[PDB]
Every structure is written in structure tokens, then in C-alpha cells.
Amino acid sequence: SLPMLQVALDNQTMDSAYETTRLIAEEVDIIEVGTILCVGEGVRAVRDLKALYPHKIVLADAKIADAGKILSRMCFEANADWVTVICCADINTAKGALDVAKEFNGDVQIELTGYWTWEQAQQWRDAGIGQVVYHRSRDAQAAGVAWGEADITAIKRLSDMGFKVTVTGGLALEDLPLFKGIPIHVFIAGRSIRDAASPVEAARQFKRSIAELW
């Protein structure tokens, strides 16, 4: 339907995350336990946030690189809806995580941060993967890498292959028009919501502009 709004909780502690959820939990559709929070607090972050917000989709942004069955199971036992597996994981890592996701009626997203190939994209599809995260790396961003037409072309191509596409990577309100006409599953905002002078206005403006555009 409309692209969903996901907030990324890239916080080092639960209390710092709650400074954000206490403002905007009900202003978004998906609550992400960011990688920073996974590492900071471990999978307790997942269990706690779902207990708080059981009606929201909770994503554990673990960026699983190996041990797909074990790491996926930990996140799902903690009541995750969705987990991420990093694009360079062995194909059997993605398969494994996907098998466990199915036991729990959750799902796996392949996280397209850094280097990957079109052949691997095909492999994910054959394995049954239905979601990808098209992601301008935070560190690439800080080195001056901008969003551009090659990203739009790549997102359209992933969409045509059958994936539901999330878009993320230092997204600002003003960025949303670049993706107009594409059936984007989710837009993620971390900093542009958490660090805004008004996190509630920031999230409502993302939701408004999405409604305008789609």
C-alpha cells in the first residue's frame, strides 16, 4: 500500500532509545533495533521493545554475517518480526536464517550495504528471499557519497525482480521525491527523526510526504 515508516534506534543503551520511542513510537510503523543497539545491549533490546510495542513490527538489525540459524533464532526467540542478513553472507547463511524465520512467521531482509552483485541478488530470489534493504552506507555518506540515478535504477531493478525494497541511508525529508513512482516497501529514518529538534514533527512530516507522493 503506502511505503511504511521505520525508525532506526541506533542507540547504545535502552534508556537512550526510550528517549526516542517515548516521543514517536506511535508515529511510525516499524521499530528497528539498530545494529548499534544490538551490540550495545544484545538481544534483550529486541525482547524489551517488542514487549513495549507488541502491535508494531520489530526489526532486529543484526546484519547477520554467518551462523544464520543460530543468530536468527536468538532474535526470533526474543520476539523479533524481521531480521537482517548482510549481503556478503554465504548463501547458506541467508537460507538458514530464512528457515528459522518461517518457524516463527517472521521474515528476513538482505542488507545491501557495501559490495554485492546482481548474481547474488538472483540467488537470494531463488532461495525465497522477498525483502532487501537498499542502503547508502553511513560511512560512505560521511565520505561524501550522495544518492543518485544509479541508485534509483538499482532500486527499480530490485523491485522488478520481485523483492520488496526498503530504502535507507541518512534519509532526509527532502530526499523522498527521488524515489517517486517506485513501490517502496519501507523508508528508514534514524538520525533525521531521533536527532531532530522535534522528533514528532519529523516523523509526521515523513508520513505526510509519503501520503502526498504515493
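Residue positions are given as counts along the sequence shown, with the first one as 1. Rigid core (definition): largest C-alpha set, two forms, superposition within 1.5 Å.
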**Asked** Do the Cα atoms of 98 to 106 stray more than those of 111 to 119 in 4 other deposited structures of this protein, or is it the other way round, with the core held fixed?
**Response** 111 to 119
**Message:** Which is higher on mean Cα B factor in this entry, 116 to 124 or 82 to 90?
**Reply:** 116 to 124
**Prompt:** Is the mean CA B factor in the deposited entry higher across 36 to 44 or across 146 to 154?
**Reply:** 146 to 154
**Request:** Can you pull the Cα B-factors for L49, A60, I182, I70 from the entry and say which is highest?
**Result:** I182
**Fill in**
Top Cα B-factor in this entry, restricted to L178, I31, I188, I64, sits on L178
**Fill in**
Quick tally, chain-level thirds of C-alpha B-factors: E103 sits in the highest
**Message:** Is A8 in the lowest, middle or highest third of its chain when residues are ranked by C-alpha B-factor?
**Reply:** lowest
**Request:** Comparing against every modelled residue in the chain, figure out the third that the C-alpha B-factor of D195 lands in (lowest, middle or highest).
**Result:** middle
**Prompt:** Taking the C-alpha B-factors as the PDB entry records them, is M161 in the lowest, middle or highest third of its chain?
**Reply:** highest
**Asked** In terms of the CA temperature factor given in the entry, to which third of its chain does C75 belong: lowest, middle or highest?
**Response** lowest
